[PDB]
Structure formats: C-alpha cells, structure tokens
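Enquirer: got the complex split up, this is the first portion:
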Amino acid sequence: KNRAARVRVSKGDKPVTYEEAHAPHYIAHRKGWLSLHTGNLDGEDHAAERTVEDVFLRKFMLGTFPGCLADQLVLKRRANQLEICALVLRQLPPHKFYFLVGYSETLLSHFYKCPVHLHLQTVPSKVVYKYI
Amino acid sequence: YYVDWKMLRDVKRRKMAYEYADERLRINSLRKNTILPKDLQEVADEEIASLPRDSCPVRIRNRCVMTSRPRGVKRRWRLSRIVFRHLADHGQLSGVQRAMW
C-alpha cells in the first residue's frame, strides 16, 4: 500500500486541511505546487541551488514561528526577489509578529543576498476541509 | 557538521582538486601531445604523479547534499532518490508531478 504523504483514516475525529487531504498523485490535478520557480523548466539551469534554499525556508519559518504556523509555506520567486506567503494562527501579540517580520526580512536578505518579501495572513485556527 | 564523515572527506577532496586544477592541466597538456619529445613526456609523468593523491578529478564522488547516499542520486537536483520523492510528493518542487500517460 502506498504511504507517501498521506494521512490514514481513523474514525471521523481527526481534522485534515486541504493540503493533507489529497494524495500525492493529485498534484497538478487538484492542488498546485507549494513553490514555483524557473529552476525546474526544460532548458533552464540553476535548479539545485533553488531546492536547497527552499528546504531551509521550510525549516526556518517553522522554527521562527513555533506553534503559530498553520500549514506549509508558499514560495514565489520573481526576478531576484523572494516572496514568502504564510498562514499564522492568532497566538503571539501583534508586537511580536512585526518583530519577527522585521527580523526575518533582514536576516534572509543578507544571507541569500537577495530581497525578501514576507506576507502574512492570519486565521483564527487551522482550516478544516474534511472529517471533524 | 556534515551529515557523515564520508561527506567531510569529499569536501576536502573537492577543495584540493580546485587548487591544483590549473597546474595539472598545464602538465597534462604535455603528456597528451605526441609532437613533444618522448624524453620530456617521461619527465612530465613523474611530476603529474608526484602531486597529492586527493588532487584528482576522478576521485570526486557525487553524493546527495542531504543524506549523502553514494548512489541513486539525480545529477540535476543533487538529491538522493528517497529525498527527491519526499520533496516531490508533498508538492514542494515546482513543475514536478506524477507521470500519467
């Protein structure tokens, strides 16, 4: 039985978001790609450097916002600027969010030597698509 | 820390090759040409072999940058086949989808 990126059925008491409720074979059929960039085109180079930077942001954003992160990030790369879209729960005071926003924008910009955009959308809780 | 001691040795091997990449190229040019006298070529073989062992392009090994699996690594993404599926099945790689035809 296939087990790649799936949540198993357990009665009807475990909530599942839209991203986790679809099997990996539904990619490009029901859900899009969490990250979009030129590296994986047909005749374009510089694909490995984009991948490793993508993984670091998955680990940095998750640790920068402990517990308050809703689901996976969305990474958009236009020109030389990097846009990060996140869904964050209403956990920290708004003072701390702006502190982390300023801390993240400056630190990543001086590490990858490229401008970074960090846009946040706040939700009361995790959005539930099935079960519950 | 690199993920394994094997990965650490590869970094030193790549660094050593880069330093002696130009010197080896100049010496190897003499060997690979038959118009120079054979006496000079024999001296060239002694000098090129006197260089440190780690400064060899062939000894460079391509591993995965995440788990350092010596084989089963795609060259384009520099990732092992297990790690590549882990990122691709979650939709974290652009333009990568399950093949259906």
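Expert: Great, that's in hand. Numbering: from 1, shown residues only, chains lettered A, B, ... in the order given.

Enquirer: Where does residue A:75 fall, secondary structure wise?
Expert: strand A:74-78 (DSSP states H and E).

Enquirer: May I have that strand as PDB, with CA atoms only?
Expert: C-alpha atoms of strand A:74-78 as PDB (Å, rounded to 0.1, in the frame of the first residue of the first chain):
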ATOM      1  CA  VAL A  74       4.200  29.200  -0.300                       C
ATOM      2  CA  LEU A  75       7.400  30.400  -2.000                       C
ATOM      3  CA  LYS A  76       7.300  32.600  -5.100                       C
ATOM      4  CA  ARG A  77      10.500  33.700  -6.900                       C
ATOM      5  CA  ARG A  78      10.100  36.700  -9.200                       C
END
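
Enquirer: residues in contact with residue 6?
Expert: Reading this off chain A. A:23-24 (CB atoms under 8 Å, 6 or more residues apart in numbering or on different chains). (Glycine included, C-beta is placed from N, CA and C.)

Enquirer: wrong chain, I was asking about chain B
Expert: With CB under 8 Å, 6+ apart, residue B:6 has these contacts: B:63, B:68, B:70.

Enquirer: re the thing from before, against which helices or strands is the strand holding residue A:75 packed?
Expert: With contacts taken as 3 or more CB pairs under 8 Å, 6 or more residues apart in numbering or on different chains; DSSP states H and E, strand A:74-78 sits against strand A:35-36, helix A:48-64, strand A:81-89.

Enquirer: add chain C to the structure above, sequence below:
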Amino acid sequence: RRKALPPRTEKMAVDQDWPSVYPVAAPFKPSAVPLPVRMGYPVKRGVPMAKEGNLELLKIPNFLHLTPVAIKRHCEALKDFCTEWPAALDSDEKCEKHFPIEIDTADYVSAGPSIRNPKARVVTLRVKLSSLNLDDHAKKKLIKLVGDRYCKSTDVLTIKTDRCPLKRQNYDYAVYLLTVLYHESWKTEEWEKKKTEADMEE
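Expert: Adding chain C to what we have so far:
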C-alpha cells in the same frame, strides 16, 4: 484578548478604482479582494471552500494588478518613452534594400540571485550577398572560402561567434570576420591560377 477587525471589503466603494488598491504584484489577500471566489475540489455533498484561509487561491499568480482598466492607464503613460518607426520602411523588401545586415542577439531572464547565462554571448550575423560588391571571381572565392556558412538557395551568409565572453566583443568579432573575408576575396594571389578542372563549380 486582541480581536479581529472587519475586512476592508465592507468599506470598499462600489465605483472605486481597482488599480489604486494593487499598484504592484502582490499575493491574493482575502480581506483586500471584494470578489467572493471559491476554489478547490468540493465535498461529495457540499460547495468549494471560501476565499478566507484557502491556500489554493494563494498559490496562483494573480493578475489583479494587470486589469484591462489598469493596462490602458499604464500603457498610455508609457507612450511618451517611444519613437515612431519610419514610414518608408513599410515593406520588408525595402528593409533589405536600405539595410542589408541583420544581427541576432539574445537576452535571458530567470528567477534567481544571478543573471549570468553563458548562452547569452552568442551573436548571429546574416548578410545577403546580392547586396554586396563582389565580382564574378571574388564571389566564387568567398563561397569556397567560408565553407558551409553560405546557403546556395537563399544566398544568405551566416556567421556565428561564441569565443568572446561578451556580446559586444562577439559583435565586434563578428563584423571583423565579415570585413576580412571581403577584403580577401579580391586578392587574386599567384597560386590561384593552379586551378584543377575537377574543382570548377561550373
């Protein structure tokens, strides 16, 4: 604790100008978009999810900043930075008559911290031989000298340069090849009289 303010969609005017809300490319903000849009595969008996808290509406590259109303306003302001194409060069035939040399160059744009693409240094120079001043003997020598770069059907000569790192160096090298080939086709050297009857093109 802190509460959630109502979205600005309620305060949005009926006839307000949209492009002022989105001047540049920005991600889809559910509070900033008055349009009620639902996407995602629905439940067996249900409706697709709403626009708030939906990642599917966030992955898509929106075109809210390129509305047709904004496009006309954006383009009209840019009309100052333009100069008209000459009217006499209407037919493509006259373009060849007045300009016999065309040069092909390429620029590449990709998402990343770097722009250096090694494939952008290529320069392609194409010249129609019928517009030059080659003689009967000089033209035959030029074809035999340039090799396969000349097409016998379209009578076009193509020169490709890749050794120079930059496009300007290749462009200066490409034109250098064209002029040195013309000045050499007119030099009837002494050994040229040693022609073989099997080497004659006619």
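
Enquirer: same question on the contacts of residue A:6, but now with chain C added
Expert: Taking CB under 8 Å, 6+ apart as the test, what residue A:6 contacts is A:23-24.

Enquirer: Next: residue C:182.
Expert: Counting by CB under 8 Å, 6+ apart, the residues that residue C:182 touches are C:132, C:134, C:142.

Enquirer: Select only the buried ones of those residues in ChimeraX?
Expert: Here is the ChimeraX command that selects the buried residues among the contacts of residue C:182 (16 or more other CB atoms under 10 Å in any protein chain shown):
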select /C:134,142
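
Enquirer: Need the phi and psi values for the most centrally placed residue in chain B.
Expert: The centre of chain B sits closest to residue B:60, judged by CA atoms, centre = their mean, with a distance of 3.4 Å. When quoted as degrees, to the nearest 10, the phi and psi of residue B:60 stand at phi -70, psi 130.

Enquirer: How about the one 10 residues further on?
Expert: Residue B:70 adopts backbone torsions of phi -60, psi -20, taken as degrees, to the nearest 10.

Enquirer: ok, for residue 4, nearest residue in space, not its chain neighbours?
Expert: Picking chain A for this. residue B:89 (4.3 Å; CB to CB, 6 or more residues apart in numbering or on different chains).

Enquirer: my question was about chain B
Expert: residue B:68 is the one closest to residue B:4 (CB to CB, 6+ apart), at 4.9 Å.

Enquirer: Chain D comes next; put it on the structure above:
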Amino acid sequence: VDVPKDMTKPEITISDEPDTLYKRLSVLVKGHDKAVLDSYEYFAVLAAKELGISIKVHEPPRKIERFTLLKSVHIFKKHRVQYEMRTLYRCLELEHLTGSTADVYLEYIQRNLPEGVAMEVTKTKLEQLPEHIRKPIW
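Expert: The block that follows adds chain D to the chains above:
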C-alpha cells in the same frame, strides 16, 4: 476629491545618437501551466495593441520530460514510480520595433512576469554595411 496635483516627474533626454532599428523581435515565454500563459498572452497583446506594434502570437509545440525512480528504499525493483515535468511554450513576435520602443516594452513585460514562467528574447537588429565595406577599399 483631494488628489495630489501633478505628481508626475519623468525626464526623457533626446540625444543626437540615431536610434537602433530592430527588424523583428521574438519573445518566447515558457511555463508549466497553460492558464498563466493564456492570461499573460492577453496582457501582452493588449499592451502591444495600444502601443501600435501589430504583433502575431503562435503556440510552439510542447515537450514532456520523464524519468523513473525506484519505489521502495530496499529491493523491490519490479515496482516503479514515474514523474513528469511539463514545459508549455508560447511565442509572441514583434515586427518593426524601434530601439526606444523596444526598451520600454521589454521592461514593462519583464517586470510583470509571473513567478512560474520565464522568457527569452531574440532581437534581429538591422544596420547598414560596415565602414570598410561601404567605403571602397579595393
């Protein structure tokens, strides 16, 4: 009602250098999703028509890249999981475009490029004969 009066301040210095003439400009956008390219074509055509460029749009044939990887982490080589990368093409040709008009059109096009696509520009610059060729030198 209250608006910033005359908030426009660009300068266009007309020099004495003759402008560069391009015989034909080709733009080839490549991406993974057709919908983005369909909308991007509409944006480019609408802007091009307003500037008066008389462009033509054609769709080059697509190509599909496939590769196969093992399924499990140990043995079981009779079961494979395949993957596919789809790159969709769209070409927009520009004819009889001046150098000054080419610069603004490209930068306006490039700045609004979606994050999931890229493009290549092939400019066919035209010019007269070189000085040595034009000036009679044997």
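
Enquirer: again for the contacts of residue A:6, chain D present now?
Expert: Residue A:6 touches A:23-24, counting by CB under 8 Å, 6+ apart.

Enquirer: can you tell me how far it sits from chain D?
Expert: Computed with CB to the nearest CB, to the nearest Å, the distance linking residue A:6 and chain D is 14 Å.

Enquirer: Surely that residue is in a helix?
Expert: No: counting by DSSP: H, G, I helix; E, B strand; the rest coil, residue A:6 falls outside a helix, being coil.

Enquirer: List phi and psi for it.
Expert: phi -130, psi 150.

Enquirer: so how far is residue C:184 from it?
Expert: 72 Å (CB to CB, to the nearest Å).

Enquirer: elements contacting the longest helix along chain A?
Expert: Of all the elements of type helix in chain A, the one with the most residues (DSSP state H) is helix A:94-112. Contact here means 3+ CB pairs under 8 Å, 6+ apart; on that basis helix A:94-112 packs against helix A:48-64, strand A:81-89, strand A:116-123.

Enquirer: what about the last one, near chain D?
Expert: No: Strand A:116-123 does not reach chain D (CB under 8 Å from any CB of the partner chain); its nearest approach is 11.1 Å.

Enquirer: Okay, buried residues for that strand please.
Expert: Applying 16+ other CB under 10 Å to strand A:116-123 flags A:116-119, A:121-123 as buried.
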